[PDB]
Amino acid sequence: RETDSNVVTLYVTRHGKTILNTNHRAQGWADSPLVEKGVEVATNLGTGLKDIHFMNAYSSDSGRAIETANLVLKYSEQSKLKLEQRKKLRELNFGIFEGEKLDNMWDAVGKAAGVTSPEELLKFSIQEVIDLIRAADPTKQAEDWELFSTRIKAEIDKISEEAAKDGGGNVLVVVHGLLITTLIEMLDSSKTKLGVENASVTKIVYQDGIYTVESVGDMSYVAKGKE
């Protein structure tokens, strides 16, 4: 309860570039390891985070997120900090589209939107785009907005509240592109960005139940590491 003034800073980090990312395929609950270029960039991310002291580290249970978290912990000079994996931090479940070429998925989603080109989908809110993915999936295994947004926010709230109970501090959270876009939309849609890059950092401050989105898809940590 003495937690009210504590500040928690979430370094909400997209994992490094994988095989499926490189081959332009939907990778949600599907997973694949980092490619060497991805390893290089995640290594620079770690170096660029060496002066940020983390109290906790979390990732999804996706191999790509685990691998990236281990690289960041190693190169940020916190190799012994325990990594906590959480299944509720997974990327959106693309259902029938898992592993499909993104061009094929978007053609099928655009058809469900009844739009000429998947181009016009960019006009759509993230809410309606994620809804359209499940609409296009005949198996209805893909998550919709209400499923995804609910589980993402509950888990981020849990991590924030726990960190505040432990005195506040910095928390590394290695997760996924749509999850990040979705979380920003929920917290402060004035800052929402689709397509945050691999190894980018979205810094979110939490205090007394109030979130502040400080940065979105920041590549400065990689660049610091790279110098």
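In this text, residue numbers run from 1 along the sequence as written.
In this crystal structure, the stretch out of 175-183 and 39-47 whose C-alpha atoms carry the higher mean B factor is 39-47.
The mean Cα B-factor in the deposited entry runs higher for 187-195 than for the other of 187-195 and 59-67. Each of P118, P138, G99, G95 has a CA temperature factor in the record; the biggest one is found at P118. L89: CA B factor lies in the lowest third for its chain, per the PDB record. In the deposited entry, the Cα temperature factor of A142 sits in the bottom third of values across the chain's modelled residues. Among all modelled residues in its chain, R134 ranks in the lowest third by Cα B-factor. Annotation for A223: CA B-factor lies in the highest third of the chain's modelled residues. Among the modelled residues of its chain, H24 has a C-alpha B-factor that falls in the highest third according to the deposited record.
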